[PDB]
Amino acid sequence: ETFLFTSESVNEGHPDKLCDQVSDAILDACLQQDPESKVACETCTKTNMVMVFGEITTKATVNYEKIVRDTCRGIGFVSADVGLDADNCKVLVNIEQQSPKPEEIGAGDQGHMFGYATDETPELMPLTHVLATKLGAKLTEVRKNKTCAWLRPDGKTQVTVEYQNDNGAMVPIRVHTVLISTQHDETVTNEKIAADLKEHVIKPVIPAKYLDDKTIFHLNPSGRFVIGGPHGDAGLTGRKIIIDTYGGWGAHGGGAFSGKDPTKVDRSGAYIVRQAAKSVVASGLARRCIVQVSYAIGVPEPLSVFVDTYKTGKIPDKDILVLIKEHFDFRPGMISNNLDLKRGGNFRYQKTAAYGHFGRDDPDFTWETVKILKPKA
């Protein structure tokens, strides 16, 4: 009859997510000056420290430490009390930096990537992940627009949804449980925190049709949460790959995104298969769809592209695959040009590094822009 699914997100001040954001801020800065930059930038944080390391090949002149402090400060790490003083903490820069036909650019590694789409939301994303990520984005918004000025940067959001399976399609019935644990200042009671999260975060984000008299709300269930981020903890880039993708739905190729230029198939491969899956569902060819691409090291053309519609396809899966191959170029150098991926600056990649790479209504997320696929007559 029904089944449950749960997805979680962490806020922009969670230490792992901080690392993802710093890594993508460094990518953005390199690409702004040099679109041909090669970037493999990781960030590690712990009490009073942020370290950036990895390999960059660029013509860009970048002040890495300045990017680190400005990113941390902008998230809200302005003091030891919040959990990191962006301007006084230790910053270590251990990046190894050097100077330096799109059809012929090979995959840099062997790997595979999955893209998922589902008609259950207008974002064509799983409702569990849409709600978890939009709750976190709304927490950040209401902090910065001073609706809830008592908020601090760290926290987590989690949603459990009850579903029916309708001949392979996922049909959300109701939100079972909402959990929010948010960092806050000393000046608000637990009562005020819970009341404000219901009014200013939950009510705007969760469609009323999914809430009922039995939905469970867990609002700061583990108690007071005044300090956060790096303090007494650690984070690394690429430690939240389920949050970055589909919140647990579908098979996983394992590759992490942030700090990688788009010559890296972990990122460009994942983006193109989301675009393909999303396009299949948007075009009415299936209610739900997973698209896989597999790359061989040094080869431009994928080993294989595969589609599965979970028996929801309006035409056979092999016939959808013909349309996907007609309209999508999986060669990595061609993905980078077609999806305009070599553009940075104006937070292009830093935006992807919290609250999910997918499901975003933002034209910079070019992989969210559907192609309208019509079978040939």
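Just count from 1 along the sequence shown to find any residue number.
The modelled chain breaks between residue 100 and residue 101, where 10 or more residues of the deposited sequence lack coordinates. The mean C-alpha temperature factor is higher for 166-174 when 166-174 and 230-238 are set side by side.
Relative to its counterpart among 191-199 and 294-302, 294-302 has the higher mean temperature factor, C-alpha atoms as listed in the PDB entry.
When the C-alpha B-factors of 141, 154, 213, 244 are ranked from the entry, the top spot goes to 213. Highest CA B-factor among 337, 309, 48, 43, as stated in the entry: 337.
Among all modelled residues in its chain, residue 179 ranks in the lowest third by Cα B-factor.
Split the chain's modelled residues into thirds by C-alpha temperature factor. Residue 346 is in the highest one. Sorting the modelled residues of the chain by their CA temperature factor places residue 126 in the lowest third. Ranked by Cα temperature factor within the chain, residue 359 sits in the middle third according to the deposited record. Annotation for residue 259: CA B-factor lies in the lowest third of the chain's modelled residues.
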